[PDB]
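The form deposited in one PDB entry is given below as one chain in structure tokens.
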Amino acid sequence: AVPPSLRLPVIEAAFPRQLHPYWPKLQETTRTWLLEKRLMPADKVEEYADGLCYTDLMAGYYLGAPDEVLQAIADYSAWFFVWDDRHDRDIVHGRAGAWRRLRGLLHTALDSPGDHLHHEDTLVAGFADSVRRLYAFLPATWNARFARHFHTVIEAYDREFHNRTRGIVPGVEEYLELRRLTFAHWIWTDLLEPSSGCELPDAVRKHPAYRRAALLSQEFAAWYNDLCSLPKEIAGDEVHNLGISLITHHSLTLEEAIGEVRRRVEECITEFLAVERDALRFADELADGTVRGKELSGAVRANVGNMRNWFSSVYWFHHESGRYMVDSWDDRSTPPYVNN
């Protein structure tokens, strides 16, 4: 039973879950990779990695991906979680220098990953490995777009570092802009493309219905993370959360803030249902009888299908993953799967 404050009957009824058939291999392979790259200690991998459900999250999202693509995505996603953990720990421990250096290394590695495959910081080496693999599926133009987007993400993490160090809780609109970057909206949207085997031309992926469907899928996911992760975040002195911005700047109680975030999440769902009809119409229109049109149609249709799958995968992930089980920790401020 999903807690009533977090339950969304529309997702439960109208967004049936899907699971990629590679998932059981994926679970094992990403666990092995976390170990091999030394991204988490062996005993914590053994106790916690499967329970974190990071592979499940991605296997419920990128349906139809080639197995090798899903593996690179899942390893990169598990890396991304560990990076969120490292960032958090650097802030909590006041490691401004170590964070600045990591930030610079990630920008460099993102542009030249093969050069960093054996870097002394295993977090940089693990990033480089996953990124090098992601850069092997589609043309350099897509790689450059992924890099452009992720440079922006790294800087949004840097902004979060300074917000937390200075005690600043962003305003509501400032936060909503920032959250499109810290949640990596455009990275997940970029990754739809190797998942369906096609770098989409700008004129296709920038079609207003494709853009809007892509945006709403990520806003839902990010704001639903905010709703579910709020208790762990308050316990850990995290300030980045739509609920915390509302409590801090709109004088809402916790109860009022939860309700307002819920209402925003629910509106994303029904806005998405409306634009999804337009995005699927567009997919149909691309199928103009030509070979290229059939390719583009199939790719848009698969991508929009996965924009829909993200709703259910993210919904259930928050109820299944050990990541958010703060009630089970002895020290609510220190999740047991993080390196403290």
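A residue's number is simply how far along the shown sequence it sits, counting from 1. Rigid core: the largest C-alpha set superposing within 1.5 Å between the two forms.
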(request) Averaging the C-alpha B factors as listed in the entry, name the stretch that ends up higher: 15 to 23 or 328 to 336. (result) 328 to 336
(message) Highest mean C-alpha temperature factor of the two stretches 117 to 125 and 220 to 228, which is it?
(response) 117 to 125
(request) Choose from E174, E199, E233, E160 the residue with the greatest Cα B-factor as stated in the PDB record. (result) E174
(message) Take the CA temperature factors straight from the PDB entry and tell me which of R277, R301, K37, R308 peaks.
(response) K37
(request) Just say lowest, middle or highest third for the CA B-factor of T290 relative to the other modelled residues in its chain. (result) highest
(request) Among all modelled residues of this chain, ranked by Cα B factor, put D84 in the bottom, middle or top third, i.e. lowest, middle or highest. (result) lowest
(request) Check where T108 lands among this chain's C-alpha B-factors and tell me if it's the lowest, middle or highest third. (result) middle
(request) Check where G64 lands among this chain's C-alpha B-factors and tell me if it's the lowest, middle or highest third. (result) middle
(message) Sorting by Cα B-factor within the chain, modelled residues only, which third would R132 end up in: lowest, middle or highest?
(response) middle
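Form deposited in another entry: not shown, discussed below.
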(message) For the core superposition between this form and the one not shown, please identify the residue among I154, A98, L178, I269 whose CA shift reaches 2 Å or more.
(response) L178
(message) Taking the rigid core as the reference frame, tell me whether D75 has a CA displacement of 2 angstroms or more between this form and the one not shown.
(response) no
(message) Given a superposition on the rigid core, I'd like a yes or no on whether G259 shifts its C-alpha by 2 Å or more between this form and the one not shown.
(response) yes
(request) Determine, after fitting the two forms on their core, whether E47 shows a C-alpha shift of 2 Å or more between this form and the one not shown. (result) yes
(request) Can you tell whether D50 sits closer to or farther from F220 in that other deposited form than it does here, judged by CA atoms, where the change is 3 Å or more? (result) farther
(message) I want to verify one pair: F220 and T182. Are their C-alpha atoms nearer or more distant in that other deposited form compared with the form I supplied, knowing the change is 3 Å or more?
(response) closer
